[PDB]
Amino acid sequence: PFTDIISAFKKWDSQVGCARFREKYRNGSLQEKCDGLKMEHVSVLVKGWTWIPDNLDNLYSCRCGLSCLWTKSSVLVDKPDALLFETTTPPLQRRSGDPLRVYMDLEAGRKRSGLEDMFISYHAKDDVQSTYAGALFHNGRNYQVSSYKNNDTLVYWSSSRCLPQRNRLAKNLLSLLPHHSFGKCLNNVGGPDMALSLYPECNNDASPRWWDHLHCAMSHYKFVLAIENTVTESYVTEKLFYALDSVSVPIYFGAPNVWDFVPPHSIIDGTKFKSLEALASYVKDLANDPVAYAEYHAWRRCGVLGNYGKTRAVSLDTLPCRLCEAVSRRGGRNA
């Protein structure tokens, strides 16, 4: 029933070793030359948004000598090459010589507005993909990662939009695993903001906010329960990725193609078990096996990312440049 994560890493190094890991894991769902770029500089004005962060605003330097000015200020860009509308209605029509219309929605469904020339979603088969494996949204958080895992409680969970089926699965699974549930749904920790009470070191000096201490709180738990609000192709949100960011193993119920997005041996796919009891038994055995637990961090410690590298390459953090690149290939205002 270990609590020292670094000791577990060392024991795994002694018994298994990264060389064995690399051989055992030496054996499409993501968007992957400087010949089509018609514009050496592209400007993007974020005209409408609901959540798009200010911390995306920048004059980025992209590949192929492309410059990309992304801003919400019409003074910085008064004649943009493209307008981005995130969950906002684009113009009804586009005449040639008007800026390109870009619509963006990362919620499940790939709901195009029908008034865009380009669509941004989480899916690779749309115009520009933006995955959730990024650091720019919710930037300015607490970055502490605990060196001690909880001895009794193994599972973290937080949900505040209590959906019937998700809550049903959560109740059934959490009845078999000692857990802390900090959200409004199925709370077993008491009040509404107990995460900062148990772990005062996770407080953000700048703030509060629900996300400023999420990673730090998760880092204390060996497992994080991650259940998406919608089961559909390529819809993998921060519920998984933040756990990977916080040295915690996610127990995942979500997109069927999740293994195209995550590193090898990094998550516990709940859909791959015959029963919830078998899942809980596996989790309880992992909580008492430091070597087998550290196998789930060997992807990070040994640098075997598998498909995770490609996933983070097309996240929100790189969205401006790639969007600018596409705008450059289309001629911008001359499309």
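The first residue of the sequence shown is number 1, and the count goes up from there.
- According to the record, the deposited sequence contains 4 to 9 residues between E32 and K33 that were left without coordinates.
- Going from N27 to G28, the model skips 10 or more deposited residues, which lack coordinates.
- Stretches 310-318 and 12-20 differ in mean C-alpha B factor, with the higher average recorded for 12-20.
- The stretch with the higher mean CA B factor, choosing between 51-59 and 273-281, is 273-281.
- Residue set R112, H123, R166, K239: peak C-alpha B-factor at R166 (per PDB entry).
- The PDB entry assigns its highest CA temperature factor, among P264, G97, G254, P80, to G97.
- The deposited CA B-factor of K72 belongs to the lowest third of values across its chain.
- Ranked by C-alpha B-factor against the other modelled residues of its chain, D260 falls in the middle third.
- Sort the modelled residues of the chain by CA B factor and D105 lands in the lowest third.
- Compared with the other modelled residues of the chain, the Cα B-factor recorded for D245 ranks in the lowest third.
- Ranked by Cα temperature factor within the chain, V155 sits in the middle third according to the deposited record.
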